[PDB]
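One chain comes next, on its own, written as structure tokens: the form deposited in one PDB entry.
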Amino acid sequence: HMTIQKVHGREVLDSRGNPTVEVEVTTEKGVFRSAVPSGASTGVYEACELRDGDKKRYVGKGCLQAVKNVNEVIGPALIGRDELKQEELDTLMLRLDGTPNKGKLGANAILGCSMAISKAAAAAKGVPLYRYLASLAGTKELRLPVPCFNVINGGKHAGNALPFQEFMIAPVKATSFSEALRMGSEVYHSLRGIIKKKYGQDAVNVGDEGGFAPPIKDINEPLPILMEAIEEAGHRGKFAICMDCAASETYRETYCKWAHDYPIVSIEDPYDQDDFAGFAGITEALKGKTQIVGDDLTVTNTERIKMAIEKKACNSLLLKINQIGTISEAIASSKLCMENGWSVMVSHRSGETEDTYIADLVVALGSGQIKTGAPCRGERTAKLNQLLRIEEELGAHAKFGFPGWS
């Protein structure tokens, strides 16, 4: 009677206006709803995102097939099953699909089911999602993440001269999540001021993740601009910088000069996705100052991660749940990486929804790191606000931040 009563999928819109999959699992504890995020990326090592390719609906981007797979294949298999058995049910769905890349059912059919199950299970246990996921991960200490706010784009993400994809600011010396979020917002607002004054009113329109694409011609206005923003808002010394080079899109000393001159604590994809040797060199070169994050390198792929660990190619995992497509697998990859000395930065996609799962997930992993947007656009602020709520439930002795950056 305490088991799964109904499983239903539907198409919804993501924050770019493209369809994605949302899944509701219904038990006697209520209706538990989860939506799947989406990137513009592909991705030979990513789990399969299934699109319709009907040029008459959403120019080939419909998710009716993925939704049908939920409604007619996974759903029927889940009815009457005990939602508490996460591993068992995720493994079930892996075996239902039967392919190494989730190419049959679609990772975007399976993931919504995986997430909504875990929410129904947390409710059945009488604890919030983050607590339930922490039990699943064996996490000894919960913690609120320092948020890494996307603030200047960025290569393929802007029409400007800049070769690298993202410049983030991170309130690492904040002592609480509440404080971290207000600091991030305050610097984001002075940055907007600085950009408006230099480049004009239109220059403060925002990219997909809520950050700006100012017309920077000077490939090093951006880092000084970010320091200026941090000063003006009043938080000198309280912030670090995180970069995403997405260097594949362009394909070491330069990286040393920026880290030495600025407080850069993190650089994601500094080299091409197959330049394991170059990755390894920069990881060694900046060890203990600047962490190196695998994204296009690792693609939340189990064998790519095992590779990276073995070759010491990076020391931080970017965790995109939709890239692997089950919660049991995502947690396993987080645990594995942490066991080998790595940090984990939980991540949004460019195509996000009002869903807030990654807020509870980053807390539950206790990783101290989340990349979920600028403090702007509701598909980013939904996460940041969920983190405020989690912090409030945990009370004043709740741990904040990434120990290495504090």
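Basically, rigid core = biggest C-alpha set you can superpose within 1.5 Å across the two forms. Don't overthink the numbering: it's just position in the shown sequence, from 1.
The stretch of deposited sequence separating residue 251 from residue 252 contains 10 or more residues lacking coordinates in this entry.
Between 372-380 and 355-363, the higher mean Cα B-factor belongs to 372-380. For the pair 205-213 and 258-266, the record assigns the higher mean C-alpha temperature factor to 258-266. Note on 89, 317, 227, 183: the highest value goes to 227, judged by CA B factor as recorded.
Among 335, 197, 173, 85, the highest C-alpha B-factor in the deposited entry belongs to 197. Placement of the Cα temperature factor of residue 275 within the chain: highest third of the modelled residues, per the deposited record. Sorting the modelled residues of the chain by their CA temperature factor places residue 309 in the highest third. Annotation for residue 103: CA B-factor lies in the middle third of the chain's modelled residues.
Among the modelled residues of its chain, residue 58 has a C-alpha B-factor that falls in the middle third according to the deposited record. Per the deposited record, the Cα B-factor of residue 128 falls in the lowest third when ranked against the other modelled residues of its chain.
Not on display, but discussed next: the form deposited in another entry.
Just one residue from the list 224, 159, 100, 126 crosses the 2 Å line for C-alpha shift between the shown form and the other one on a rigid core fit, and it is 159.
Residue 43 is among the residues whose C-alpha shifts by 2 Å or more between the shown form and the other one once the rigid core is aligned.
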